[PDB]
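Below: the structure, in structure tokens.
Order of the sequence lines sets the chain letters (A, B, ...), proteins ahead of strands, with each chain counted from 1.
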Amino acid sequence: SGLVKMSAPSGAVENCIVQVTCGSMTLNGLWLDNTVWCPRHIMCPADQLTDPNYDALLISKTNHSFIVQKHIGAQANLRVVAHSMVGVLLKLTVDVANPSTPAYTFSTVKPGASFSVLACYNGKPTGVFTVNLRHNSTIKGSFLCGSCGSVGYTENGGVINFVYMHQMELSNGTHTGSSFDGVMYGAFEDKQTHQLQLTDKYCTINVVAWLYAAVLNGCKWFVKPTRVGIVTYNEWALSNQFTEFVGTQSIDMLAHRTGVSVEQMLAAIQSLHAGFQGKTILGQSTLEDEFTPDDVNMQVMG
Amino acid sequence: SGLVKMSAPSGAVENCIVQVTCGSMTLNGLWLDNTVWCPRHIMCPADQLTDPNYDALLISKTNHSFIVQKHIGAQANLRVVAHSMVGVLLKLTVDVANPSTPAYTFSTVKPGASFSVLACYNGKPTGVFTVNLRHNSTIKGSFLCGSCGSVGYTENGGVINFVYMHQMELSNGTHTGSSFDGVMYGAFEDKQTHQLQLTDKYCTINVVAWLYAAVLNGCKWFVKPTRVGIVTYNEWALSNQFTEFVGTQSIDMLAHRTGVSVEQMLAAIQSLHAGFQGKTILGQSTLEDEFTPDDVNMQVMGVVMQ
Ligand SMILES: *[C@@H](CC(=O)OCC)[C@H](C[C@@H]1CCNC1=O)NC(=O)[C@H](Cc1ccccc1)NC(=O)[C@H](COC(C)(C)C)NC(=O)OCc1ccccc1
Ligand code: NI
Ligand code: NI
């Protein structure tokens with residue numbers, strides 16, 4: 001029992017981290033097969049980040065403009081033999097295939113989904129943590145200068161699913177990056193110009209999963225016979241900055257296991273959103289919306 | 001910027017996880033050089049866990065009673081060449097040295113210290129998370145049956161400090177294990193009997209570190225000219241289930257960086273313990289005491305003018 005923020009073991013990803021240097025700019029890259037991915041802003045000189053012309057910057061580079069170094073484990077300098085730009089990423093080709101390339105896929109996560117982050121500095125992994133893609137397609141992480149190229153991923157059935165490459169900080173504790181197709185989450189542009197973040201929302205399905213985890217951890221004071229239908233809740237959600245509830249097998253499994261209906265959990269959300277009134281749930285006095293139903297299922301049974 | 005629960009990268013520890021089998025019992029083990037460590041309850045039959053006689057169980061075993069296998073990564077089937085019991089652990093000597101043994105040491109963490117946990121099941125690493133050793137020497141983790149032998153560790157300056165090997169669940173979301181000297185954190189016995197956990201306390205120094213992280217993340221509404229001296233605060237702490245505040249360089253660095261004194265943070269704790277007055281600190285309405293001053297410095301400290 002117990003519920004904590006759990007990340008996927010990072011070893012298979014640590015074996016793919018490299019350092020990429022272009023001029024005086026150094027950041028992290030991901031080495032899979034003969035490819036090294038890194039943010040394209042490595043090409044910018046430090047005083048020209050406001051509105052870079054990436055097409056003009058790309059043409060000024062040759063394969064020799066990029067230096068790639070594996071800093072952890074068997075240390076090595078990898079020779080860059082080709083380079084192209086894919087959205088907000090650089091796709092470098094190196095002459096050596098990564099011998100520790102794991103079985104992997106590239107996916108783009110949807111808002112409300114969770115993933116693990118391997119924070120890296122100077123091609124060196126330094127920390128692991130989990131985030132949730134917010135309703136406004138940002139993440140609430142912990143990153144400092146030199147963390148770009150840090151990697152977000154999930155793992156299942158021996159396959160690493162690479163979903164994020166860190167790019168920028170939008171505002172205090174708010175971050176964004178791109179998927180490996182080079183598309184920035186939230187369509188933010190890789191330029192240091194003010195861009196508006198859309199309003200965030202509480203992810204209902206994740207709050208429901210968390211209240212089920214609370215019931216499965218002996219915390220059930222908030223469960224009442226009171227029920228609120230999905231369509232009624234969804235109408236209330238549109239006016240109270242909560243996402244629409246859409247049913248899933250994972251939630252049905254928790255509902256069947258606890259004997260508490262989804263409609264009872266939706267009524268509890270409406271009651272708890274008005275206030276906890278001096279009470280806690282799993283040590284918290286605010287609703288937690290970053291555990292998905294699958295994250296909760298993982299920590300209650302196999 | 002931002003502050004999250006961060007664990008140390010687990011790859012160096014994942015390379016040391018093995019599965020140990022004794023009879024019909026299987027659990028996780030840690031392989032370092034020619035040694036494999038695992039919980040001694042692997043020697044118990046599944047229906048005799050209430051009060052095992054480990055001395056009697058040990059004498060019935062030979063080196064051949066233990067099967068050690070490595071499934072993940074560089075696979076192996078190891079041969080046990082000696083065995084002994086060290087507190088609540090079995091120490092198995094194997095004929096092959098782990099070729100991926102990292103630079104390491106064994107340490108016992110004190111209450112209020114944080115560490116990373118690599119949760120494992122059947123010799124497979126499955127999750128990573130961070131915990132804090134509570135004032136009552138328990139941890140608030142997330143573990144299910146088959147997780148014993150999961151490993152707690154920290155990393156600093158290229159060295160893995162191995163500090164915990166998971167053993168048991170005491171009550172809902174409350175866990176314990178042993179350090180690698182075989183001493184159970186909190187002196188709990190590896191038997192399935194009711195055992196009283198001592199009362200827990202809020203770790204003051206960690207709450208102070210967190211309020212400094214909040215100030216460094218633009219949240220400073222709780223900072224007032226009001227001060228509480230350490231001696232006065234420590235007298236109040238003895239009566240309100242808070243630990244004694246003892247000054248440290250790490251806290252002084254945060255106090256110097258923010259220009260907010262420790263005594264202002266101790267006043268803020270006393271005010272916030274009575275209630276948050278409908279406001280939040282880093283999205284929370286309760287005090288957070290599981291980030292140490294070094295954990296905060298890692299995520300918030302930068303360049304310093306001298
Ligand atoms: C990673 C860069 C790196 O590794 O540099 C070494 C070569 C770094 C990560 C952030 C710094 C602090 N925390 C981070 O997560 N990324 C950057 O610094 C970005 C670099 C860059 C991006 C695009 C073009 C050129 C360079 N820039 C930012 O993150 C920048 C930070 O500014 C502050 C003031 C918010 C900290 N963000 C920015 O300018 O955002 C503009 C914006 C967009 C949307 C909403 C609001 C503002
Ligand atoms: Ni069991
Ligand atoms: Ni066990």
Side-chain angles (χ1 to χ4, degrees), chain A residues 1-15 17 72-73 100 116-120 124-131 139-145 155 158 169 171-175 213 216-219 275-276 278 280 282-286 288 290 295-296 298-302, chain B residues 1-15 17 72-73 100 116-121 124-131 139-146 155 158 169 171-175 213 217-219 275-276 278 280 282-286 288 295 298-303:
Chain A
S1 74
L3 186 74
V4 302
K5 289 287 185 68
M6 202 171 279
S7 296
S10 61
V13 179
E14 288 169 54
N15 296 335
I17 304 301
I72 50 160
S100 297
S116 300
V117 174
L118 184 62
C120 302
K124 181 195 178 293
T126 69
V128 195
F129 58 90
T130 300
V131 295
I139 62 172
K140 302 286 290 201
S142 179
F143 300 96
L144 300 173
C145 285
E155 186 277 337
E169 183 161 299
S171 56
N172 209 276
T174 306
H175 300 103
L216 293 163
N217 279 270
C219 176
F276 274 55
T280 61
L282 297 179
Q284 294 198 32
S285 288
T286 63
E288 170 62 68
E290 300 213 343
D295 296 344
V296 168
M298 271 276 285
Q299 303 191 43
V300 300
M301 246 77 245
Chain B
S1 70
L3 184 77
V4 302
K5 289 287 185 68
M6 200 171 277
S7 296
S10 61
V13 179
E14 288 170 57
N15 295 335
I17 299 300
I72 56 137
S100 297
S116 299
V117 174
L118 184 62
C120 300
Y121 292 87
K124 166 171 167 127
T126 69
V128 195
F129 58 90
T130 300
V131 295
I139 61 172
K140 301 287 289 201
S142 178
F143 300 97
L144 302 173
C145 192
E155 187 277 336
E169 183 161 300
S171 56
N172 208 276
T174 306
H175 300 102
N217 279 268
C219 175
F276 272 58
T280 65
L282 297 179
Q284 295 198 32
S285 289
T286 63
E288 170 62 67
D295 296 344
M298 270 272 287
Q299 295 185 55
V300 316
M301 203 60 83
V303 168

Separation of B:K5 NZ from A:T130 OG1 (nearest 0.5 Å): 12.0 Å

Nearest-0.5 Å distance that lies between atom CG in B:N217 and atom OG in A:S142: 8.0 Å

Which portion of A:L118 sits near chain B, non-hydrogen atoms under 4.5 angstrom: side chain

Non-hydrogen atoms of B:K140 and A:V4 that approach each other most closely: O-CG1, 3.8 Å

Can you tell me which portion of A:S116 sits under 4.5 Å from chain B's heavy atoms? Options are side chain, backbone, both or neither. neither

Determine the option with the most heavy-atom pairs under 4.5 angstrom with chain B, choosing from A:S100, A:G173, A:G275. A:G173

How far apart are the closest heavy atoms of A:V300 and B:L144, and which atoms are they? O-CD2, 3.6 Å

Determine the minimum heavy-atom distance between B:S1 and A:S171, stating which atoms define it. OG-O, 4.4 Å

A:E169 versus chain B, heavy atoms under 4.5 Å apart: side chain, backbone, both or neither? side chain

Taking B:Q284's backbone N and O only, do any of them form a donor-acceptor pair with A:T286's side chain (distance below 3.5 Å, no angle check)? no

Under the ring pair (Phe, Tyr, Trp, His ring centres under 6.0 Å) test, residues paired with A:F129 that sit two or more places apart: A:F143

Distance check, rounded to the nearest 0.5 Å: A:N15 atom CG versus B:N15 atom CG? 7.5 Å

How far does CD of B:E14 sit from CD of A:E14, to the nearest 0.5 angstrom? 7.0 Å

Looking at B:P9, is its backbone amide N or carbonyl O close enough to the side chain of A:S10 to form a donor-acceptor pair, meaning the two atoms are under 3.5 Å apart? no

Check B:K124 with A:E155, please: is the shortest side-chain N to carboxylate O separation under 4.0 Å? yes

Flag if over 12 foreign heavy atoms under 6.0 Å of CE, B:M301: yes

Atom group of A:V131 that falls short of 4.5 Å from chain B, counting heavy atoms: neither

